[PDB]
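A short write-up of the structure that comes next.
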Amino acid sequence: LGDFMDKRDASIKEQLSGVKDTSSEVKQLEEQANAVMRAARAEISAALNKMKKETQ
Amino acid sequence: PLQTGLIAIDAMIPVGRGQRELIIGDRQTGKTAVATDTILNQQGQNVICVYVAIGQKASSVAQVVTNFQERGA
Amino acid sequence: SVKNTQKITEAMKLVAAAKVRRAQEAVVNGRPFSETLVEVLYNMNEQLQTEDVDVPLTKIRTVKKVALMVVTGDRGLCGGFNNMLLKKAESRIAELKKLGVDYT
Amino acid sequence: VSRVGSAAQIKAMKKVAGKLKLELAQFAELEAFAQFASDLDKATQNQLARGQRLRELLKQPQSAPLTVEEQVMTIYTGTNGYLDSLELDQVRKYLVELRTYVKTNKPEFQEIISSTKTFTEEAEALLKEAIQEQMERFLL
Amino acid sequence: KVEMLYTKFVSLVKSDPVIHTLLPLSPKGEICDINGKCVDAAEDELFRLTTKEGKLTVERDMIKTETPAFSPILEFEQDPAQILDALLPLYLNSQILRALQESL
Amino acid sequence: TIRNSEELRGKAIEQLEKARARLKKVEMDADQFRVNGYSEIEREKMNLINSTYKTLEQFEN
Amino acid sequence: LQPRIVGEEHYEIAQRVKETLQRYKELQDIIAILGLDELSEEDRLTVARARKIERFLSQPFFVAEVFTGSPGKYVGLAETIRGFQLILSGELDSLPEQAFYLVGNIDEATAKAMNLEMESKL
Amino acid sequence: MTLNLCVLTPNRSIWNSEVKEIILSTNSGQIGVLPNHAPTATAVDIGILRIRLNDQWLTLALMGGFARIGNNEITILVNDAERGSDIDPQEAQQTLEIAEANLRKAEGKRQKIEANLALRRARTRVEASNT
Ligand SMILES: Nc1ncnc2c1ncn2[C@@H]1O[C@H](COP(=O)(O)OP(=O)(O)OP(=O)(O)O)[C@@H](O)[C@H]1O
């Protein structure tokens, strides 16, 4: 019965460390979306400045 | 209408066919630029621009003539 | 005349900026006093927060009257400063005359 | 001053620039004595952030006039307020971006503005979609 | 009751007169509100002058330093209630002095 | 504590799958606009050569 | 002095020198007279670089050799552009202020700065 | 080794140096503090301080305060502080007779304090002006 108490709190703390882990992955994934999106716009801007200077 | 190709003028102080618009301002303030913008905005319409430059500098009138010739005016 | 008034107004602006610089040091000339005071006041209450302290400065008189000291300056020309102080003064004495507080 | 200004001005510019003239007079009046009272008032702070931008969009380079559709579009986007969150340093780059975007991508707005000679709401809707597209393309 | 109306250094652009209660004080080394909100969470003290441009502005510059711990066993003389009754007038004088200096 | 931990892990891993979808698809829009803006700027280069050769011919006339 | 007459980056260099000078002009009774209470970091960079530019602008003349002891040098357009491009964008802040005074080109100022540092080790 | 003194006023700091031998009043009695003194908070009332460190004594006049003796630093926080060689002797006697004259109008709770304050204040002016 003490082992089953440990199993109850063990499942619960497993869900708890899992939600901390997925929250870390959540902030990582959202900053990765922002990074790749703003970075793609930065790529396009730098590329257009380069090509327009060259053709000019 | 006869739009001068300016935002402020053609926006809130309009100028029509037959409405005298005195362009009153000091020296080296941008009035000749206003008149040249008005003239260059008539690229397509039936607007036969006439322009007289009383007692203006030779470099000024020659430069504006060059601007007119390059802009297809 | 308008030139002379212009230059003396710039003059009083300069000396006003100077005395404001002085006042920011007159504050730090009393800050360590303040913190050495209030840390004693607060953290030393742990031996006295049990017992009844019973200071007249901390005593609760039955709330009847209020004194309202307004802190005004002595120099003129300052702008809306003194009149804003008087306006908050008379607004508080107007707010206090409906509750029946009989202010001084 | 224009004696006969309203008579020759077309209705598109009227219905898009009456509010601009109002808020421009209002910005010129909020300009002086600006600090002591209206320091963080929401109406005056918004009118300042959209009236500094009013003069920003009211600027121009010499020898580069803008025909009527560009004028109605550039003034509509200033009257609605889709630039208040943008930078004051980057108003005009977004301006030429939206200008050339409607100049290339959208071919219906020019036809509607030329034909109707007024501010037709279908042109307004397609213009609004193009403005939101350029808004996203520049904020991101 | 004795309460106090004085100004502060919020901005050169906005002077705001606040009506602070003085004489009935909470013992915690704090001031309170006229209703007892304890506004001393809004201390924001010890400005200094600095700029970003030509005009000279305020920069109220939130909390900088602090040095409390306590003494573990004081075992003082002088009858504790009377020690704190003797300490309160200096603190009240500190509040009055800071009020007049911030008004100036 | 059982139901709180359960619903909390569930909603947060759901938010993680939504963040995955958002990341991948906004990256898809990025890769779309990359090719599109490249075609656009090189079209602008052809516009540039057309305009400068046109004013060249204008000076020739 | 028009951007689309003489060069946009030239006009930006000139306009930024005018902006830094308009900063220093109004900041004179702010920091240089009374207050001086750490005006800013970005203001201190502008004040230091403004004094650098004010040393840098004046230059030794040809005809003033026998007059007030100044050897003669000649400075071009793009050279002045690059000199103020270096000084405005904050790269040569470490050199002494009088290393820029009474000098011609920017490389000549850097050479004089190294001579004064060889004096500073003396 | 030598205890550190801090005579303080709300505006300025008069004394901040050290001292090896003092005599200071408190509210109930008075305490004398020599080096290596245990932490003892001393509620000093209106009263001068006799102060000695490799010299003959000086009076440092105080007018109501409190002193938190820390470890090797004693924190004397007073509202009015000065030295007895600065407050004038015969003008302190002037203040003494002025206070003892104006005291006899103490016929109220409001005026008992602002006349007994005059009494003890003039007294603690003279006791430093003489010493
Ligand atoms: N919108 C503008 N953008 C950029 N530069 C401008 C603009 N308007 C005028 N300028 C510049 O200002 C200068 C003066 O313009 P303009 O000649 O129109 O004023 P002016 O009063 O007619 O001068 P003046 O009568 O002394 O010849 C011109 O060199 C022009 O290039």
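Shown for chain B, in order and in Swiss-Prot numbering: 146-218.
Method of determination (from the header): electron microscopy, 4.3 Å.
Every residue, even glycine, has its Cβ placed from backbone N, Cα and C.
For reference, Swiss-Prot has these:
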BINDING   B:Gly170, B:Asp171, B:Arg172, B:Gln173, B:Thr174, B:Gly175, B:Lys176, B:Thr177  ATP binding site
Using DSSP and three states only, what is B:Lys176 (ATP binding site)? helix
Where's the emptiest Cβ shell within 10 Å among the binding-site residues B:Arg172, B:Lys176? B:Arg172
Which of B:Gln173, B:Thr174, B:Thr177, all binding-site residues, has a Cβ with the fewest other Cβ atoms inside 10 Å: B:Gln173
DSSP three-state assignment for B:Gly170 (ATP binding site): coil
Which residues in the same chain, at least 6 apart in sequence, have a Cβ under 8 Å from the Cβ of B:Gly170 (ATP binding site)? B:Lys176
